[PDB]
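Participant: opening with a subset of the complex:
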Amino acid sequence: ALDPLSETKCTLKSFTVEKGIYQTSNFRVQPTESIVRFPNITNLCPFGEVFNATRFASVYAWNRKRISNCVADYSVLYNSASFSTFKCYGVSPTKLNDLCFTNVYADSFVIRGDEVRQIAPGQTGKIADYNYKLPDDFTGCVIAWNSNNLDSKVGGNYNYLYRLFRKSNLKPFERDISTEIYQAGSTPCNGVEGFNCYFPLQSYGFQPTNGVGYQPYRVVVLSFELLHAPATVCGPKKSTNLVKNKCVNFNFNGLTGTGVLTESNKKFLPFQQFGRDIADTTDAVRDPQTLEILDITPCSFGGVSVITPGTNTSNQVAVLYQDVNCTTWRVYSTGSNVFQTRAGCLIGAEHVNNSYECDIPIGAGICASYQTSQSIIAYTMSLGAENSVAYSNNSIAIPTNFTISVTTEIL
Amino acid sequence: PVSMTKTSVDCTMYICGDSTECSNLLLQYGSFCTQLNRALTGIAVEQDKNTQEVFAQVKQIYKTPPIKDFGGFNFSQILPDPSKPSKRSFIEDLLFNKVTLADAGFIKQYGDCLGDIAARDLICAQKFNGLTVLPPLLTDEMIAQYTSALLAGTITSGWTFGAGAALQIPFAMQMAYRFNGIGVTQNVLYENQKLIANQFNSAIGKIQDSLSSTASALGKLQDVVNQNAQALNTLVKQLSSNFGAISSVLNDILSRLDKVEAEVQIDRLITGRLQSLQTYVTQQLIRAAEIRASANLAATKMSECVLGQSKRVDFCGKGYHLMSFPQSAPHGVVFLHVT
Amino acid sequence: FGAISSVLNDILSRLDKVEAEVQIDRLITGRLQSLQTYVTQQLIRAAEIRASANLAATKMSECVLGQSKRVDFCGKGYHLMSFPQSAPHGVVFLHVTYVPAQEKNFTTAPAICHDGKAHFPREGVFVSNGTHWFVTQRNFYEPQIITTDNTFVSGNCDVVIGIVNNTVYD
């Protein structure tokens, strides 16, 4: 990374470079600042209303609560909430503080200790089939904690029920609260229970002396989408000022990237937050605070070539920027000799009016050479010596001698 | 066709963009990017080599004669006009106007691609993904000058300048010897000189009219340019493929997963984009081999039809070959075969 | 290739069969891709080498086994002969050719009118050294007296443009 000559040395995997022109990496602009743009929300998410609820719902009638316009600072749960199970599927836990969530829904219920494992996208079992099923492409986090000190009674807590004997497996995120009598045998039932007809709901025991597998467990499943919609629930990240027309790192509603932000003429629809090009890259974004549309442009741009007479001859090099017009410049350095040929700006080579045979092909009719102090010179290549034929309507040229030439062709 | 578009690929820019973690992971491959760049550099050098072989056969630059007394034969349509900034012929101007290149020039500045133009402009999208287009070593003006020298030599000297030491000869006697070369006595040429000159002028005018009309007949060069542009656009478009990962955007994965969980997705994306680059380079190599064969044929035709009279049937036009005249064209050559 | 290591021995000594299977599969896929790329490049280079060898065989047939009239196919100039030589993975052709060396200016005419009829050289060109007219071959200056043996008569002198009058010997 010291200079284009060293980059060419590294690319060639050698300490010596022969005479010529070598394409290096494109011109790179490193970000200068880092900015975070989150919607201005001060209210904390209802952690007490979810994890501290006095009464929880049954698994067959699991409760769904919408979470919106809040900051998910889950560290407040560190004081009093201890969770036996905390598994996130569509997001890494360590990134949860740097993201914004679109449609946050908390599904709360109470199950057995042995049935906690059944709360997963691809599990089978009584709860997974008849009570609560997670989608295969589930994005969210499942949290479960033992509640034996709350949901257990000495005589037996029978307020929590689970669905048994269902005709077919439940669809993902589907709720069945019907109490119709199940027909296990071939004999039809007429609303009464007997022999092969049973009530579909059965109550848990939930006694304090029960085993850890038979003890009550409170389960909250948080489901949300990421980096696709406006979103209104955000992490505990402090927003900074908006920087435009500069190469910066940006964190827009959890979407991180690097680029230059400029004012955009695009008119986003009210339900749209991000814009993408034909390459699926985020090229437009709506500011969560000012509600303005900003175009994002990559910082790196422009091909770079390095011309050297050979490390065995000299260490002097010339730099050609194929997408820079020298008439601040997007160049590594601008030292004295600046020519600005076609096909880019040439820095480090002295332009001469003389025409020679091409030594190092720069391009667009421009060549470079190492001439005599010794320095790199750039010139327009000569097509050949100029001639005129003494043509006339009554004049001819006839040879009076000849030469026997022997040439060599290598194939 | 003589040459094709020379391209260079910044593999780190294409695969990873500005992602530092993705570049660090891509460092575990290393040699594949170097191999692709070596193949692309070989193709780019071969393009200039083909152009030099086709057009720089003679190193002895002959100018247009002042008098232009060629026994009734008119070459102003294939001779340059100094009024044009580029010293190319009127037919050469027509050929240049009938082929549309992807980019008018070769310098697209950062300010020109800043904003929404990074998406609307295909060149901006290609360059923002590490795909650059290198200009030919020889400009159109120099190729026009080489064609000018060849035409001046073949009209003033005939075949002698192709063997060195150009010898002047009146164009009527050159036509007489060319008639003798196809089995027709020179008295036929001398007794029908006005008629032959009139027919040659009429044929040149007919070619000019055909070129000036909507009939292009220059589909090969346009096909080459469109193939190169389509290959670059497909390379740009293939960046939206997930390759089995959760997303096709490295930024979304990095903001969505930690290092360990995002490593597999970034590896999948890197493998897919490397495969896309390899496919593009292989297709470019095959097309470069085809273009090299075409350029070798063009150089052979320039040697055997412009620098001399060929006895090979249907090698320099249909009929008994008399002479040929070269003309430059975007990424190609146009031979006017007089038979 | 996305694996924990590029050495199969390290993976085998570091992981059991199930855990090492994915790493070995990744390495196998990467090395197979490398071999495929090498073979494709070898095929392209072999096609180029085959084209070069076909050109070399054609040049051996048309320049060594015979004299070629094709311009610049067997060297620069008027081809006389060629000699082959072996070389490591290639052939070297020594092309012996005839090149005009010393040109001289002459006044030339398309035809000569002697007795109301046009005469033509039928082998070369008519030239004048200032006062007298001769007929000579085009590639070498060998002036000869213009006679009926080296000329043929075709038509009158009122049609040929540039015809001059000179004596034709019998």
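Facilitator: Looks like it came in fine. Residues are numbered from 1 along each chain as shown, chains lettered A, B, ... in the order given.
Participant: chain A contacts on chain C?
Facilitator: Residues of chain C lying close to chain A by C-beta under 8 Å from any C-beta of the partner chain are C:52-53, C:55-56, C:59, C:75-77, C:80, C:87, C:90-109, C:125, C:127, C:136, C:138-141, C:162. Any C-beta I mention is one placed from the backbone N, CA and C, and that applies to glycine too.
Participant: are any of these buried, and which?
Facilitator: C:56, C:59, C:75-77, C:80, C:91, C:93-100, C:103, C:106, C:108-109, C:125, C:127, C:136, C:138-139, C:141, C:162 (16 or more other C-beta atoms under 10 Å in any protein chain shown).
Participant: re earlier: now, the residues of chain C next to chain A that are in helices?
Facilitator: Counted as lying in helices by DSSP state H, out of the residues of chain C next to chain A, are C:52-53, C:55-56, C:59.
Participant: and these as CSV, adding distance to residue A:366?
Facilitator: Shown next, in CSV, are these (distance: C-beta to C-beta, whole Å):
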residue, distance to residue A:366
C:52, 31
C:53, 37
C:55, 33
C:56, 36
C:59, 36
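Participant: residue A:18: which of these is nearest?
Facilitator: residue C:52 (24.8 Å; C-beta to C-beta).
Participant: run through the residues that contact that closest one.
Facilitator: The contact partners of residue C:52, by C-beta atoms under 8 Å, 6 or more residues apart in numbering or on different chains, come to residue A:411.
Participant: okay, it and residue A:160: tell me how far apart.
Facilitator: 84 Å (C-beta to C-beta, to the nearest Å).
Participant: onto the same structure, chain D please:
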Amino acid sequence: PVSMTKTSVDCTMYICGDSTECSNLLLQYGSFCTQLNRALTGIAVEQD
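Facilitator: That brings us to chain D, laid onto the chains above:
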């Protein structure tokens, strides 16, 4: 030899057959099948 056999490939049929899930997953590639078919069509036209 003058011409060779002209071939066409149904990439979805070859990769996935009659599997709907496999075709849905293959939809995330898209352009590679089109590129292969374009090359094959070019070869077929070149034969004629």
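Participant: mind redoing the contacts of residue C:52 now chain D's in there?
Facilitator: residue A:411.
Participant: hmm, 10 Å instead?
Facilitator: Neighbouring residues of residue C:52 by C-beta atoms under 10 Å, 6 or more residues apart in numbering or on different chains: A:411, B:296, C:90-91.
Participant: again, but for residue C:69
Facilitator: Neighbours of residue C:69 in contact, by C-beta under 10 Å, 6+ apart: B:181, B:304, B:308-312, C:62, C:78-79.
Participant: any chance of those in CSV, with neighbour count too?
Facilitator: Shown next, in CSV, are those (neighbours: other C-beta atoms under 10 Å in any protein chain shown):
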residue, neighbour count
B:181, 18
B:304, 23
B:308, 24
B:309, 23
B:310, 23
B:311, 14
B:312, 11
C:62, 17
C:78, 21
C:79, 23
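Participant: the strands in chain B, which residues?
Facilitator: B:6-9, B:60-62, B:131-134, B:323-329, B:332-338 (DSSP state E).
Participant: surely residue A:123 is in a strand?
Facilitator: No: Residue A:123 sits outside any strand when classified using DSSP: H, G, I helix; E, B strand; the rest coil, being coil.
Participant: circling back: please flag which of the contacts of residue C:52 sit within strands.
Facilitator: Reading strands off the contacts of residue C:52 with DSSP E, I get C:90-91.
Participant: which among the contacts of residue C:52 gets closest to chain D?
Facilitator: Lowest distance from chain D to those (C-beta to the nearest C-beta) belongs to residue B:296, with 18.3 Å.
Participant: the closest one contacts residue B:54, doesn't it?
Facilitator: Yes: the criterion here is C-beta atoms under 10 Å, and residue B:296 meets it with residue B:54 at 8.8 Å.
Participant: following sequence is chain E, place it on the structure:
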Amino acid sequence: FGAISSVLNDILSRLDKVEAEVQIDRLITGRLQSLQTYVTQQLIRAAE
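Facilitator: Alright, chain E goes in next:
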């Protein structure tokens, strides 16, 4: 191609969507690579 089986039907009948997704992706990648190799060889033979 590193998957549990070379048959998509066996994987689909043997695994759910999430578990079969990786195997189907591996098979898709392998078959796409095979098609690409066939097309490249066809292009070289077409040039010849």
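Participant: same as before for the contacts of residue C:52, with chain E this time.
Facilitator: Taking C-beta under 10 Å, 6+ apart, one finds A:411, B:296, C:90-91 in contact with residue C:52.
Participant: what do you get for residue B:5?
Facilitator: B:43-44, B:47, B:101-103, B:133-136, B:224-225, B:227-229, B:231-232, B:284, B:287, B:291, B:331.
Participant: please convert the buried members of the residues you listed into PyMOL selection syntax.
Facilitator: Selecting only the buried entries of the contacts of residue B:5 in PyMOL, with 16+ other C-beta under 10 Å as the criterion:
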select buried, chain B and resi 43+44+47+101+133+134+135+136+224+225+227+228+229+231+232+284+287+291+331
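Participant: returning to that earlier point: any idea which of the contacts of residue C:52 is closest to chain E?
Facilitator: For the contacts of residue C:52, the nearest to chain E is residue B:296 (13.6 Å; C-beta to the nearest C-beta).
Participant: tell me how many other residues crowd that closest one.
Facilitator: 17 (other C-beta atoms under 10 Å in any protein chain shown).
Participant: now do it against residue A:208, distance only.
Facilitator: Distance from residue B:296 to residue A:208, by C-beta to C-beta: 92 Å.
Participant: so which residues of the stretch 101-250 of chain A form strands?
Facilitator: A:104-112, A:140-146, A:161-163, A:182-183, A:197-198, A:201-203, A:216-223, A:233-234, A:247-252 (DSSP state E, counting those that start in this stretch).
Participant: check which residues of the lengthiest helix in chain A are buried.
Facilitator: What stands out as the longest helix in chain A, according to DSSP H, is helix A:4-12. Of the residues in helix A:4-12, A:4-5, A:7-9, A:11 count as buried by neighbour count, 16+ other C-beta under 10 Å.
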